[PDB]
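Chain by chain, the residues:
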Amino acid sequence: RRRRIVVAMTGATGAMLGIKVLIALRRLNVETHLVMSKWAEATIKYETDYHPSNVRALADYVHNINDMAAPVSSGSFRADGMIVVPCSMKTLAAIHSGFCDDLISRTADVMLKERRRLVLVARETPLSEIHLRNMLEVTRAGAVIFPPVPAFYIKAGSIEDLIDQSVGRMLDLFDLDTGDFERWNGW
Amino acid sequence: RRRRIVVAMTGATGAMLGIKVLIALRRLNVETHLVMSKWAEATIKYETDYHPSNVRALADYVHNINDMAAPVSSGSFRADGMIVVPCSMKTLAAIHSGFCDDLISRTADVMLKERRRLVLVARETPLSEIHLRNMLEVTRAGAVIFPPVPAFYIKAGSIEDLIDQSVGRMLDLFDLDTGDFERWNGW
Amino acid sequence: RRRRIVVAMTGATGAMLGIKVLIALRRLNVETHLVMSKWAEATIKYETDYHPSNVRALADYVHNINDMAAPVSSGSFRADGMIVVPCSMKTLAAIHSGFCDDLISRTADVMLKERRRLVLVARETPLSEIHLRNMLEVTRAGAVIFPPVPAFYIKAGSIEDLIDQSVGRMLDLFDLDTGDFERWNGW
Amino acid sequence: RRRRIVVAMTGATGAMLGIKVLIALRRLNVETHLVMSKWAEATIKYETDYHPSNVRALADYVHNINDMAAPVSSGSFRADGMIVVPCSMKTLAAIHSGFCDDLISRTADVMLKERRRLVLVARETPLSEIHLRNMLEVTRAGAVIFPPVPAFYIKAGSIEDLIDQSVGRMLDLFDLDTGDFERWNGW
Amino acid sequence: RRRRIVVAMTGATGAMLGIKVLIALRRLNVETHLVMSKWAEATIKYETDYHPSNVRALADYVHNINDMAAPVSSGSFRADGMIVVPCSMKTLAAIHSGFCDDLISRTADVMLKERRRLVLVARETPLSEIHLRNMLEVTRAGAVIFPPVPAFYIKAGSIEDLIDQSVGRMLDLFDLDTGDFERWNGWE
Amino acid sequence: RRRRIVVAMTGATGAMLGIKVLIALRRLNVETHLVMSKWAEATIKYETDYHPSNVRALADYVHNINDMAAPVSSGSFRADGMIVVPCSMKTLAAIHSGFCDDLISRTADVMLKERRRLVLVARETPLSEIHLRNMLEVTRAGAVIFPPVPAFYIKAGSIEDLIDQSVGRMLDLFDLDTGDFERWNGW
Amino acid sequence: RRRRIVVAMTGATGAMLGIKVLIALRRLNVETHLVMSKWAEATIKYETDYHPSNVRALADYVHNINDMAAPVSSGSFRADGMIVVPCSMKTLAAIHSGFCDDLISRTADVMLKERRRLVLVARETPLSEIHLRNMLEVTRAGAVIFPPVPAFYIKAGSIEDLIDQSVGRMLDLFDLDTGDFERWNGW
Amino acid sequence: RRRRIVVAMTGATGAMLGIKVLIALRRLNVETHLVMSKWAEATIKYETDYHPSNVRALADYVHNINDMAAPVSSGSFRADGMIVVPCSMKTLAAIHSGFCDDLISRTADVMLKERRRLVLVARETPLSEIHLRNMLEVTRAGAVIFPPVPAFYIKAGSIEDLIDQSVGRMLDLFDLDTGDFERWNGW
Ligand SMILES: Cc1cc2nc3c(=O)[nH]c(=O)nc-3n(C[C@H](O)[C@H](O)[C@H](O)COP(=O)(O)O)c2cc1C
Ligand SMILES: Cc1cc2nc3c(=O)[nH]c(=O)nc-3n(C[C@H](O)[C@H](O)[C@H](O)COP(=O)(O)O)c2cc1C
Ligand SMILES: Cc1cc2nc3c(=O)[nH]c(=O)nc-3n(C[C@H](O)[C@H](O)[C@H](O)COP(=O)(O)O)c2cc1C
Ligand SMILES: Cc1cc2nc3c(=O)[nH]c(=O)nc-3n(C[C@H](O)[C@H](O)[C@H](O)COP(=O)(O)O)c2cc1C
Ligand SMILES: Cc1cc2nc3c(=O)[nH]c(=O)nc-3n(C[C@H](O)[C@H](O)[C@H](O)COP(=O)(O)O)c2cc1C
Ligand SMILES: Cc1cc2nc3c(=O)[nH]c(=O)nc-3n(C[C@H](O)[C@H](O)[C@H](O)COP(=O)(O)O)c2cc1C
Ligand SMILES: Cc1cc2nc3c(=O)[nH]c(=O)nc-3n(C[C@H](O)[C@H](O)[C@H](O)COP(=O)(O)O)c2cc1C
Ligand SMILES: Cc1cc2nc3c(=O)[nH]c(=O)nc-3n(C[C@H](O)[C@H](O)[C@H](O)COP(=O)(O)O)c2cc1C
Ligand code: DMA
Ligand code: DMA
Ligand code: DMA
Ligand code: DMA
Ligand code: DMA
Ligand code: DMA
Ligand code: DMA
Ligand code: DMA
């Protein structure tokens, strides 16, 4: 019935990106399935005013990071995509290597084998050859690398305006239209 | 005598990153050599309150984008590094491919052959396999890929605070200390 | 203004190598930051007369293996080098793959992206194609593989004499001279 | 009816490893064929109390390094394996490249084409990309790389104890049990 | 306390390039360690008015090509870099393959493993796929390929002027300024 | 009925090499088709006594650098080979990449697809990994890389002697004998 | 005026192939330049009735294996091709690696760079991955691998009949027709 | 109880090699399973005095080339190895590509997956890059390439003497000793 998208958050800086993804997906009437890593919860508390319990309330369903029996861990579970936002280099490497020992990496591993859209908001700078090799080869395996670089051409008035443009551009990859930002139409 | 760094700006969004790099380098008593692409001047006018003539005044020397006889185009010219900020995918590809048909790509080509530090603030999202292949292989050739992703863990109060942290992290790669941002020291 | 070097120990045999690196680095007035793996602590207990607390007293600062918020885990933290001594195949693989899920592998991951010297005293024999592929490719990413093979040409009288020579050659890679071993100068 | 093993010594430090291999193999009733390089003889004289004449007496047969007509140089010659101990980087590269211009490299070249066990006690530190590429690719061709790294977990009392453990683990690869060292069996 | 640079000469044409490197480094108070191959000595005799004994006098220390126990053959030996000038395809291949069976190739092999600057003035034309593969892959291992192609834009009045510029550009890679050639500064 | 050879000059130093190639080819009764890049004309003026109009007078036919409709730009046009002398790194990369947006790179692109001899006098030092990758891979596509390195073994009396020898060796690749230099015949 | 072909013999079994190549080329009015390795001379003596001096008399010119100043060692020397018959794995590896430390490997190295026909009668069985890697990659560099495998379909009456057929097929690669063997034209 | 070896003959010249393999294996008390391709039967008739029915009588079991249900086509069937003698380039390519559309290529495909010894007496000269790519990559997959090149150093008196030596060296790869040829033991 309703479209399903798995939203995974990891311990890279940029926790507000994952929070605003859940808000935008809820408004778009998308059934969300949230998984938060241990260090994702730590960065949520430290960088934002949200508590992990507040972020869990923004999602239709929540699954435990270590619960490999969760419904989303099986390819038979029907879902239409997954976004890891923000995505740490550790989780990027787990997905690239195939070492799927938690629910985030396993569900991403499953999305790739089932040929479902997987978007990794990989946040790190500068990049080593390890990071770039992982990005290139996971891209060839089917994933989409979305570095959250600001779009300064929108003449933003606040940090939130840039984050809203980024979140809207992320969800474009699932053929979803937030209508929350100004798309380019020339000068 | 004074350290020399070539500062190149291209037509990717984020012109304020290159402007604040020139300001920080001037304060650090670094002799700067500025080159601006045609579309870099266009994005400076459109996203910022600066005019190209204002940015040129922030640099000790300015060289024309099409002047292949400029001093910085020769490896015999002594310089200590180059940063392309912001760096478009087009200029990243010119450097990766070796098609050095303007002063920015030629000077970058020269920095790589002379084994001088070259930093590319490559701004694009999402990334295709073309972008990532260019990033990986130019990295193996010696360049440093620095995607300008914000560091939200600093609890920034403004867009300028995030840009200042990014610029300071860029210049760390030249062993320069702005002292303009708060470095991580735990929670 | 002292030089900072991260000393990481893992659960490969040869715990005395890491202990003597700390002792050396202290005598040369280097500020050492020690991280010990869980199995490093076990190997320290089993094959040396030291206790992990004795090892911690040899370092200027100690960080917990699971504390991903430690200062050394960020590239903004300035450091001059990192040595993993001894380095197990497990940790070598974590660094090669990029699966940086503890402080040793994350700090090493940061050293590579910030282009700082990383020395892996990788101890294992014989070597599989997995080990050698990881060594070769992590070398291309910037790390130095240092197998702790004895230099019998020094005509040592004890195991400790051979360890001292190995430790001295390790620290040569950071441009540090222990002056504790006979450098080669003909027969 | 006796098993034949070619024992080759090259000019890497650690000549005692090859001497003890000859002693251990004689104990095990293996017919040994010794080949010593020119710089192996110099190394034997420098760092051991053995003269090359003493080492030749430890072997059943001795062949000249320059004698490409020696029996071991033909694949039609029955042999069960070969160990280069210690193995220099030069000889590792001769075997990797295929430039078989002396009896050691040619016999190793023959062992690989006849699909016989070839162990290279490659001793060098630190390792360059050249060394590791040669190790990885000669491994894929069928060779076993055995860095002589000490097993400190045996809680040794002398340098000789650690050499004995290494020699025993080397000969494990030929399915031989010296019985002179303590194998791991838990704490 | 002085900087040490190993200067290796091989049997590629261009022996004067190595001779002028030794002279320039002496001028810069660099302690030079010279190794000459067998065919480098033949090339010196044929192409120059120097005898190998004259070239050896230009260096602070000279090591035998066959002496694998020379000080420079160990990584424990302190040194800031090595330049092979001129560098034959044979020696380029020895370094690329790792077949380090003489003092020049072994010392270069050691420079690469110790992460020290290694410059190969590789002289050959035209180039085969063998040469180019060796150049590309040894570059990735850390070496610098410096083909001695003349910089005609200096408007030289003699062969020696072009050689002096090449030698100065070589030593730039060791952060050394001979001050004996005109660096580019736009159109004169 | 005469052989046709395209002579292309680019903005690398060494303009006299291309001028002498034209003179040598004229003496050998070869119909030459000249294309000069914009920066080739500037280098001709700067480092030689020739004017570009003098160089055009040495050729049988001259085509404009931006005229993609020139006869030599089509494979249907009969031609026996092409030499780019001197060849910049920029034009080397244009040919390697296939970005054939001027008459020199397009004609070279055509020579490769029609399996005609293409000689690139690629002049640059030192060489980066970008340059060498382009040289290796364009060689595999069919091109011949000819770095203009002097042949001191001819015991030359002037710069012109060494240039004459290089030019003669260049034209050897087209099975042409200038007879203007001394070929090697032993000591 | 006459065609020049370098004939190189190495220390693989099959010296009679090289001798019969020299006889066939003399009959075809080809100027032959012979180079014999040290182990080719030993092989000639052992498995043929020829003395090396008899083989030298079959050639128009002879050059010493260690004479790097011989005429054929330079690309400036006019020559139409080279055949190494028989070709050892050692010499195959010297050519593949580029380690051209004798006149045979240097002349072959020169033939490849000058784009002249090079035929390697590589004789070894079985083949290792080293041998096949060298064969494949030297082929891509321009060489032709000619294993001297007998053509039994000619219905030979002696060993010499099969040798004559191999020699004729070898020289087919130089566009030469010995005319002393029966080519295939159906049953 | 008895050793089983699959003997496959294909349509390359050298049918007598396959016949003599069958005779040698019968003498060695090895249970042989013969498969002949269509063009091997034509080759047997043309260059030997045997009829295909005579060759079938030399084997213990015979299977039809198109019978994909034969016992040897399954990995569950116990067998100790397989030799394809002689091996055409077509069959070499079928095994390399995996296009196992007859019993010879499928049985070889099975031998590789079950990790059993597979020897390909690949006969062709000269070799293309296609042939050598197939040889190299099928070798890495487990097969042994055995070019039937004669060993002239045995000082043979007839064609059959050289064939007997090749056959004995072939079966050396199955740890079998025909004992009817002189192995090398010096001059
Ligand atoms: C405050 C803080 C910020 C961090 N930011 C990043 C980051 O931007 N990128 C990254 O790759 N890792 C970052 N890390 C490190 C990761 O949290 C660490 O590698 C962790 O093991 C990743 O775990 P996870 O992917 O399972 O959530 C940060 C850590 C902390 C404590
Ligand atoms: C307003 C604007 C913003 C742009 N932002 C980017 C960008 O973020 N990344 C990118 O690769 N190209 C961007 N482009 C496109 C580049 O300007 C374009 O590819 C141009 O050819 C690059 O030229 P240059 O690198 O020589 O300056 C942008 C263009 C415009 C007009
Ligand atoms: C006594 C002992 C000795 C060990 N020696 C080695 C070794 O030499 N090399 C290795 O790769 N692993 C060795 N291991 C196994 C590692 O401890 C194990 O793989 C562990 O997962 C490594 O974890 P760490 O790198 O986080 O310390 C040893 C284990 C024990 C108990
Ligand atoms: C005293 C001494 C110790 C050496 N130790 C090593 C070593 O440990 N590893 C290495 O690759 N080369 C070492 N070498 C250099 C080799 O001996 C040199 O490369 C030589 O050419 C190897 O030749 P071979 O393999 O034929 O014996 C050493 C040389 C000397 C004089
Ligand atoms: C006069 C002369 C000039 C030579 N020039 C070159 C050259 O320019 N490039 C090259 O690769 N080899 C050249 N050689 C060949 C090398 O000397 C030969 O390959 C030798 O084996 C190299 O040995 P080395 O590198 O140890 O000195 C030349 C030889 C001679 C006699
Ligand atoms: C005086 C001068 C000398 C130059 N020499 C070289 C050179 O030797 N090699 C090179 O790659 N570029 C050299 N360049 C830079 C090229 O001219 C520049 O990259 C240009 O874009 C090449 O354009 P073209 O290949 O279309 O002629 C030189 C430039 C100048 C002004
Ligand atoms: C009698 C005899 C036969 C040989 N046959 C071969 C052979 O068929 N293939 C091979 O690669 N090496 C063979 N060799 C070994 C080579 O002679 C040896 O590797 C030598 O180093 C090659 O040197 P060269 O290529 O410079 O002549 C044989 C050696 C001897 C003594
Ligand atoms: C008389 C004759 C001799 C042949 N010799 C060879 C040969 O030596 N090598 C080869 O690859 N093909 C040779 N062929 C071609 C093969 O028979 C042909 O490619 C066939 O398709 C192979 O089929 P098979 O491998 O299934 O037997 C020969 C063909 C004929 C008629
Ligand atoms: C947790 C669980 C039962 C996973 C199995 O589903 P899958 O994605 O591995 O595919 P399949 O339905 O074939 O088992
Ligand atoms: C613009 C110009 C004259 C470039 C030449 O310098 P380079 O970097 O190509 O090196 P070199 O000094 O050897 O010519
Ligand atoms: C604990 C912590 C702050 C980790 C992030 O380090 P970083 O190097 O990724 O920081 P940045 O790239 O934003 O400078
Ligand atoms: C001394 C000698 C005979 C060397 C050739 O060995 P080989 O393995 O090539 O012999 P063959 O392949 O002929 O059995
Ligand atoms: C001549 C000689 C003794 C060389 C050893 O140098 P090395 O670098 O291989 O030894 P180590 O690594 O122990 O310093
Ligand atoms: C100026 C022009 C006609 C270019 C097309 O040449 P082409 O070789 O691509 O065309 P064709 O394949 O028909 O020769
Ligand atoms: C003995 C000798 C002169 C060797 C040089 O040959 P080469 O082909 O390398 O010289 P060049 O490239 O100048 O023609
Ligand atoms: C004719 C037949 C039964 C073929 C199956 O062989 P297999 O080795 O593919 O079967 P399995 O894997 O079940 O042993």
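This entry lists X-ray crystallography as its structure determination method and reports a resolution of 2.15 Å.

As recorded in the PDB entry, chain A goes by the name Flavin prenyltransferase PAD1, mitochondrial, listed as coming from Aspergillus niger. Check the Catalytic activity (unreviewed entry) section of the UniProt entry for chain A; it says "dimethylallyl phosphate + FMNH2 = prenylated FMNH2 + phosphate". Note on chain A: under the UniProt heading Function (unreviewed entry), the record states "Flavin prenyltransferase that catalyzes the synthesis of the prenylated FMN cofactor (prenyl-FMN) for the ferulic acid decarboxylase FDC1. The prenyltransferase is metal-independent and links a dimethylallyl moiety from dimethylallyl monophosphate (DMAP) to the flavin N5 and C6 atoms of FMN."

The name given to chain E in the PDB entry is Flavin prenyltransferase PAD1, mitochondrial, with Aspergillus niger as the source organism. According to UniProt, the comment filed for chain E under the heading Catalytic activity (unreviewed entry) is "dimethylallyl phosphate + FMNH2 = prenylated FMNH2 + phosphate". Per its UniProt entry, chain E bears the Function (unreviewed entry) comment "Flavin prenyltransferase that catalyzes the synthesis of the prenylated FMN cofactor (prenyl-FMN) for the ferulic acid decarboxylase FDC1. The prenyltransferase is metal-independent and links a dimethylallyl moiety from dimethylallyl monophosphate (DMAP) to the flavin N5 and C6 atoms of FMN."

1. A closer look at the overall build of chain A
Helix and strand counts for chain A come out as seven helices and six strands. Along its sequence from the N terminus, chain A presents helices and strands in the succession β-α-β-α-α-β-β-α-α-β-α-β-α. Dimensions of chain A, computed from C-alpha atoms along their principal axes, come out at roughly 50 × 40 × 35 Å. Summarising the internal contacts of chain A: among those between residues at least 6 apart in sequence, 76% fall at separations of at least 24.

2. Focus: the overall build of chain E
The secondary structure content of chain E amounts to seven helices and six strands. Listing each helix as α and each strand as β along chain E from the N terminus yields β-α-β-α-α-β-β-α-α-β-α-β-α. The C-alpha radius of gyration of chain E comes to 16 Å, within 12% of the 16 Å expected for a compact globule of 188 residues. In terms of principal-axis extent, the alpha carbons of chain E reach across some 50 × 40 × 35 Å. Across chain E, every contact between residues at least 6 apart in sequence was considered, and the portion connecting residues at least 24 apart equals 76%.

3. Examining the site of ligand 15
If you check the shell around ligand 15, you find 14 residues, and the closest are E:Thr125, F:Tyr153, F:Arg169, G:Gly75 and G:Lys113. More than one chain reaches ligand 15: its neighbouring residues belong to chains E, F and G. At a separation of 3.0 Å, an oxygen atom of ligand 15 approaches a polar side-chain atom of E:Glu124. The side chain of G:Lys113 places a nitrogen or oxygen atom 2.9 Å from an oxygen atom of ligand 15. For ligand 15, whose unbound accessible area comes to 410 Å², protein coverage reaches 90%. Secondary-structure elements contributing two or more residues to the shell around ligand 15 are α7 (159-172) of chain F together with α5 (103-113) of chain G. Class assignment for the residues of the shell around ligand 15 results in four nonpolar, five polar and five charged.

4. Some details on the packing of helix α4 (residues 89-97) of chain B against helix α6 (residues 129-140) of chain B
Residues and elements named next belong to chain B. At a minimum axis distance of 9 Å, the contact between α4 and α6 shows a crossing angle of 45°. Viewed along their axes, α4 and α6 adopt a mutual orientation that is oblique. α6 is crossed by α4, and the crossing has left-handed handedness. Only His-131, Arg-133, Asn-134, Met-135, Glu-137 and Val-138 of α6 make contact with α4, whose side of the interface consists of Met-89, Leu-92, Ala-93, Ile-95 and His-96.

5. A closer look at the site of ligand 12
For ligand 12, the set of nearby residues contains 14 residues, the closest of which are D:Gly75, D:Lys113, G:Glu124, H:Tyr153 and H:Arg169. With respect to ligand 12, the chains having nearby residues are chains D, G and H. D:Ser74 has a polar side-chain atom sitting 3.2 Å from an oxygen atom of ligand 12. At 2.9 Å from an oxygen atom of ligand 12 is found a side-chain nitrogen or oxygen belonging to G:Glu124.

6. Notes on the UniProt feature "binding site: FMN" (unreviewed entry) in chain A
Residue and element names in this part refer to chain A. Sequence positions flagged by UniProt for "binding site: FMN" (unreviewed entry) are, in local numbering, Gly-11, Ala-12, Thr-13, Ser-37, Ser-88, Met-89, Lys-90, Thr-91, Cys-100 and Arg-123. Here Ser-37 shows up in the loop between β2 (31-36) and α2 (38-47). On the basis of relative accessibility, which here comes to 12%, the residue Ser-37 falls in the buried class. Every residue in contact with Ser-37, bar those within four places of it in the chain, is listed here: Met-9, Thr-10, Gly-11, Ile-65 and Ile-104. The residue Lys-90 is located in helix α4 (residues 89-97) in this model.

7. Notes on the interface of chain H and chain G
Every contact between the two is made by 40 residues of chain H and, on the other side, 40 residues of chain G. Of the roughly 3,600 Å² buried between chain H and chain G, counting both surfaces, carbon and sulfur atoms make up 71%. Considering only the surface of chain H that becomes buried against chain G, H:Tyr46, H:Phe152 and H:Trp187 emerge as the three largest contributors, covering 20% of it. There are two salt bridges connecting chain H and chain G.

8. Notes on the pairing of strand β1 (residues 4-9) of chain C
Residues and elements named next belong to chain C. Where burial is concerned, most of β1 is hidden: six out of the six residues are buried. Every second residue of β1 is oriented toward a common face, with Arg-4, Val-6 and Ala-8 on one face and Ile-5, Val-7 and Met-9 on the other, all of them buried. Bridging between β1 and strand β2 (residues 31-36) involves six bridges; their strand directions are parallel. The residue bridging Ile-5 from the neighbouring strand is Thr-32, located in β2. For the crossover from β1 across helix α1 (residues 15-27) to β2, the handedness is right-handed.

9. Remarks on the pattern of salt bridges
Here the structure, examined in full by the defined rule, presents 121 salt bridges over all chains. It is possible to trace a salt-bridge network through shared partners that takes in A:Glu124, B:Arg169, B:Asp172, B:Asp177, B:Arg183, C:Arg106, C:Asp109, C:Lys113 and C:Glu114.

10. Some details on the relation of the copies chain H and chain G
Overlaying chain H on chain G yields an RMSD of 0.0 Å, the required transformation being a rotation through 180° with an accompanying axial translation of 0.0 Å. Read as a symmetry element, the transformation amounts to a two-fold axis.

11. What about the packing of aromatic side chains?
The full count for this structure, using the stated rule, is 38 aromatic pairs over all chains. Judged by centre distance (5.2 Å) and plane angle (75°), the rings of A:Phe99 and C:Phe99 are edge-to-face. Taken together, the positions of A:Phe99 in the loop between α4 and α5 (103-113) and C:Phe99 in the loop between α4 (89-97) and α5 (103-113) put the pair across two chains. Using a relative accessible area of 45% as the deciding quantity, one classes A:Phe99 as partly exposed. Taking 4.9 Å as the distance between ring centres and 50° as the angle between the ring planes, the aromatic pair formed by C:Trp187 and D:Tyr46 counts as tilted. You can see C:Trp187 sitting in the segment after α7 (159-172) and its partner D:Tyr46 sitting in helix α2 (residues 38-47), one on each of two chains. A relative accessible area of 55% means that C:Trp187 is categorised as exposed. One aromatic cluster in this structure is built from E:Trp39, E:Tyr46, F:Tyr153, F:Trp184 and F:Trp187. Lying across the ring of D:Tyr46, C:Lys155 places its NZ or CZ 4.5 Å from the centre.

Here is what the cut-offs are and how they apply
Residues numbered from 1 in each chain as written, not as in the entry; some residues may be left out. Chains lettered and ligands numbered in written order. Part of a larger assembly, values for the part shown. Heavy atoms only, no water. Residues with missing side-chain atoms left out of burial classes, pairs and counts. UniProt positions renumbered as here; feature names shortened; annotations may be inferred. Helix = DSSP H or I, 4+ residues; strand = E, 2+ residues; numbered from the N terminus. Contact = heavy atoms within 4.5 Å. Rg over C-alpha atoms; globule rule 2.2 N^0.38 Å. Near = heavy atom within 4 Å. Polar contact = N/O pair within 3.5 Å; in protein donor to acceptor, adjacent residues only side chain to side chain. Areas by Shrake-Rupley, 256 points an atom, 1.4 Å probe, with all protein chains shown as cover. Nonpolar A, V, L, I, M, F, W, Y, C, P; charged D, E, K, R; others polar. Axes fitted to C-alpha atoms, helices over the stretch in contact; angles between N-to-C directions. Parallel < 35°, antiparallel > 145°, perpendicular 65-115°, else oblique. Left-handed = near helix turned anticlockwise from the far one by under 90°. Buried < 20%, exposed > 50% of the residue type's maximum accessible area, 1.4 Å probe, protein only. Buried area = accessible area lost by both parts, 1.4 Å probe. Salt bridge = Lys/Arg side-chain N within 4 Å of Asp/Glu carboxyl O. Pairing = 2+ DSSP bridges. Right-handed = clockwise from strand over helix to strand, strands pointing away. Least-squares fit on C-alpha atoms. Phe/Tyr/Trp six-rings, centres within 6.5 Å; stacked < 30°, edge-to-face > 60°. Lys NZ or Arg CZ within 6 Å of the ring centre and 35° of its normal.

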